[PDB]
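2 protein chains.
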Amino acid sequence: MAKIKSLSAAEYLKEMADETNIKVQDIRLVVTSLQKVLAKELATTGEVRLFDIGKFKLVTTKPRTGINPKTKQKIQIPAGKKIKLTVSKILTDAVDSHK
Amino acid sequence: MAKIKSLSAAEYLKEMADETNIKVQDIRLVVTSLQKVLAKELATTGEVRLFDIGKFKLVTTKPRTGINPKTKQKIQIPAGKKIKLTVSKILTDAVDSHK
Numbered sequence: 001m002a003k004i005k006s007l008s009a010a011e012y013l014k015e016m017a018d019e020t021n022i023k024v025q026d027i028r029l030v031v032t033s034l035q036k037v038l039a040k041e042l043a044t045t046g047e048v049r050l051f052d053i054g055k056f057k058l059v060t061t062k063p064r065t066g067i068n069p070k071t072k073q074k075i076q077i078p079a080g081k082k083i084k085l086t087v088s089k090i091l092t093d094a095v096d097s098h099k
Numbered sequence: 001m002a003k004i005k006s007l008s009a010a011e012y013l014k015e016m017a018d019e020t021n022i023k024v025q026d027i028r029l030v031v032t033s034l035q036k037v038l039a040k041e042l043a044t045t046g047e048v049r050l051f052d053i054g055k056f057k058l059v060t061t062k063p064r065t066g067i068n069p070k071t072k073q074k075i076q077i078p079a080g081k082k083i084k085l086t087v088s089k090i091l092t093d094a095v096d097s098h099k
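Protein chains in written order, with the entry's author numbering: chain A, 1 to 99; chain B, 1 to 99.
In C-alpha cells form, the structure reads like this:
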C-alpha cells in the first residue's frame, strides 16, 4: 500500500508488552478484545464513548435516487450502514494534535 | 444503550481475570494506555491501522503559504487539524448484516 509513518495492531501489541510485565502471549488477546467488544457494541447499535478520544456511533446513509441526465440508467445508491467517529475536545479541538 | 471507558474496563476484567491474567487496577491501565499511545502516534503524524475495525488518521485543512510581513521565512495560513476514521470491511459488513 502507500507508505507513511504507521502502526498495526501488532505495533501497539509490542508497545503494550514493552510497557508491562503483567502480561505475555495474552497481549494479542487483550488488544483484539479492546476492539472485538467495540465491534459488538456497534452491532447492538450502541454509542461507545471512550472519554478523551471521542465517540463511535453507528450511522446509516439512507437510500437516494440519483440521476445524471445523460445516462439512461438511474444509479440509485442503496442503504449502507457505517460507523462515524466524532472527536473528543482534548484530542482535537485546539488541543493535543493541533499544537 | 451506550458504553463508557470504565464499563469497557469492567467487561475486560470479567473475561481477563481467569486463574491468573490481569487485575482491576491493571485492566484500568491497558485500556487507557491504548487511547493515549494511539493519540501520541497520531500526534507525530502517524496512521493507526487496526485490522478488523478500520483506520484513524489525521487530516489538515490545507495550509497555504503566505509571505506575511516579517522575515525571509514563509508563514503558513493557519490549518485546522482534525482526525478521520474510515471503517474496515469486517466492521461494516457485520453492521450491514442484520443480527
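The C-beta atom is built at its ideal place from N, Cα and C for all residues, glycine as well.
8 Å Cβ cutoff, residue i in contact with chain A
i	result
B:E15	yes
B:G66	no
B:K89	no
B:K99	yes
Range covered by the alpha helix (DSSP H) that runs through residue i
i	result
A:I4	That residue, A:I4, is in no alpha helix (DSSP H); it is neither H nor E in DSSP.
B:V95	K89 to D96
Residue i: contacting residues in chain A (beta-carbon distance under 8 Å)
i	result
B:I75	Those within 8 Å of B:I75 in chain A number zero; the least Cβ separation is about 17 Å.
B:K3	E41, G46, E47, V48 and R49
Other residues of its chain near residue i: CB distance less than 7 Å, five sequence neighbours each side excluded
i	result
A:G54	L85, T86, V87, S88 and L91
residue 100 of chain A	Residue 100 of chain A falls outside the range modelled here, since chain A spans only 1 to 99, and no answer is possible.
A:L38	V48 and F56
A:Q25	none
B:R28	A9
Same chain only: Cβ atoms within 6 Å of residue i, ignoring 5 sequence neighbours per side
i	result
A:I22	none
A:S8	none
A:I75	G66
A:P78	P63
Cross-chain neighbours of residue i in chain A, by beta carbon under 7 Å
i	result
B:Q35	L50, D52 and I53
B:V59	Result: empty, since nearest Cβ-Cβ is about 10 Å, beyond 7 Å.
Cutoff 8 Å; reference residue i; Cβ partners in own chain excluding five residues on either side
i	result
B:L42	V48, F56, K57, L58 and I83
A:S97	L91
A:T60	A79, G80, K81 and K82
Cutoff 8 Å: residue i Cβ touching any chain B Cβ
i	result
A:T92	yes
A:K23	yes
A:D18	no
Under 8 Å from the C-beta of residue i: neighbouring residues of chain B
i	result
A:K81	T92, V95 and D96
(request) With a floor of 4 residues, list each alpha helix (DSSP H) that falls wholly inside the region 13 to 81 of chain A, ordered by position along the chain. (result) 26 to 43
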